[PDB]
Amino acid sequence: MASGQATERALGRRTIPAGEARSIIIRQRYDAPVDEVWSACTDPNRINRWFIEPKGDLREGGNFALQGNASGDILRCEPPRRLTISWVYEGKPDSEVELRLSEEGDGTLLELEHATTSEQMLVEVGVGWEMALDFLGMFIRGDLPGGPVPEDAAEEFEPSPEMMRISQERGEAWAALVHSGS
């Protein structure tokens, strides 16, 4: 896309096994078809190219395990509408995440939702998800022969001028947003 990467940051409600959790929503416009984005979303060989190589059943009624991140199960998977997974991140509570696509003219509305009970986690995941949407932005339409940095930006607080401010700025939005989400 030779255009403004149209991100719409949002908040809402979504039930999880723990209870009615709070949810961050990233709706980013990409100037490619659902078909293109849905291949990236569901196929493991496409998922590792912006995110993490998922090991498990990868099917609804079964489990998955992202290596060096989180485990969980697959609740739903519905082509080309939405796939839905529950996300157990270590230390943090369980979550209900989905990646969802709606077609839209000369583009596709990508809709990513993460519902956790931890407002702490909602700020951090909005950072780590838009990081995945950075590499996915490139992987859809921009250029991505192989991301040299998978997650070598700045986790928590790693002394690095560019990466510290960029991770803060992401979470500064999501912080204000989730406090408003209530």
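Method of determination, as given in the entry header: solution NMR.

So, a negative patch on the surface
Together, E124, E151, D152, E155, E156 and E158 give the surface a local cluster of negative charge. Look at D152 and you get exposed, because its relative accessible area is 59%.

Details of the pattern of salt bridges
If you walk through the whole model with that rule in mind, you get 12 salt bridges. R14 serves as the salt-bridge partner of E98, at 2.9 Å between the closest nitrogen and oxygen. Placement of the pair is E98 in strand β7 (residues 94-103) and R14 in strand β1 (residues 7-16), with a sequence separation of 84 residues. A relative accessible area of 4% means that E98 is categorised as buried. Owing to a relative accessible area of 18%, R14 belongs among the buried residues under this scheme. Across the pair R14 and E113 runs a salt bridge whose closest N-O atoms are separated by 2.8 Å. Of the two residues, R14 is situated in strand β1 and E113 in strand β8 (residues 108-116); the sequence distance between them amounts to 99 residues. Summarising the burial analysis for this pair, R14 and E113 share the class buried. Among the charged side chains, a salt-bridge network with shared partners connects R14, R82, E96, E98, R100 and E113.

Some points on the side chain of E130
Mapped onto the elements, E130 comes out in helix α3 (residues 119-140). Overall, the relative accessible area of 3% leaves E130 in the buried class. Apart from residues lying up to four places away in sequence, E130 is in contact with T7, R9, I26, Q28, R170 and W174.

What about helix α1 (residues 34-42)?
Every buried residue belonging to α1 is among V34, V37, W38, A40 and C41, and all of these are buried. Projection of α1 onto a plane perpendicular to its axis shows the buried side chains occupying an angular sector of 155°, all on one side.

Some points on the pairing of strand β6 (residues 82-89)
By the bridge criterion, 8 bridges tie strand β5 (residues 70-78) to β6 in an arrangement that is antiparallel. Opposite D73, over in β6, you have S86 as the bridge partner. Where β5 folds back on β6, the antiparallel hairpin that results is connected by 3 residues. Across 7 bridges, the pairing between β6 and β7 is antiparallel. Bridge assignment links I85 to a residue of β7, and that residue is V97. Hairpin connection of β6 to β7: 4 residues between the antiparallel strands, including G91 at a positive phi of 85°.

Some details on the environment of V34
Looking at where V34 falls in the secondary structure, it is placed in helix α1. Through-space distance from the C-alpha of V34 to that of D143 is 18 Å; in sequence the pair is 109 residues apart. Those residues in contact with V34 that lie beyond four places of it in its chain are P80, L101, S102, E103 and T108.

Quick look at helix α4 (residues 161-181)
Between its terminal C-alpha atoms α4 stretches 30 Å, which fits the 30 Å expected from 21 residues at 1.5 Å a residue. All of the buried residues in α4 are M164, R170, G171, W174, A175 and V178. At its buried positions, α4 is contacted by β1, β2 (19-30) and α3.

What about the environment of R22?
Along the chain, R22 falls in strand β2. Here the alpha-carbon distance between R22 and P79, two residues 57 residues apart in the chain, equals 26 Å. Ignoring sequence-local partners within four residues, the contact set of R22 consists of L11, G12, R13, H114, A115, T116, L122, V178, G181 and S182. Only 3.1 Å separates the side chain of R22 from the backbone oxygen of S182, close enough to count as a polar contact.

Cut-offs and rules
Residues numbered from 1 in each chain as written, not as in the entry; some residues may be left out. Heavy atoms only, no water. Patch = residues over 30% accessible without salt bridge, like charges linked within 9 Å, V, L, I, M, F, W, Y side chains within 5 Å. Areas by Shrake-Rupley, 256 points an atom, 1.4 Å probe, with all protein chains shown as cover. Salt bridge = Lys/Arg side-chain N within 4 Å of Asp/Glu carboxyl O. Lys, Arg positive; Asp, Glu negative; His and termini not counted. Charge placed at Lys NZ, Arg CZ, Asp CG, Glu CD. Buried < 20%, exposed > 50% of the residue type's maximum accessible area, 1.4 Å probe, protein only. Helix = DSSP H or I, 4+ residues; strand = E, 2+ residues; numbered from the N terminus. Contact = heavy atoms within 4.5 Å. Arc of directions from axis to C-beta. Pairing = 2+ DSSP bridges. Expected span 1.5 Å × (residues − 1). Polar contact = N/O pair within 3.5 Å; in protein donor to acceptor, adjacent residues only side chain to side chain.

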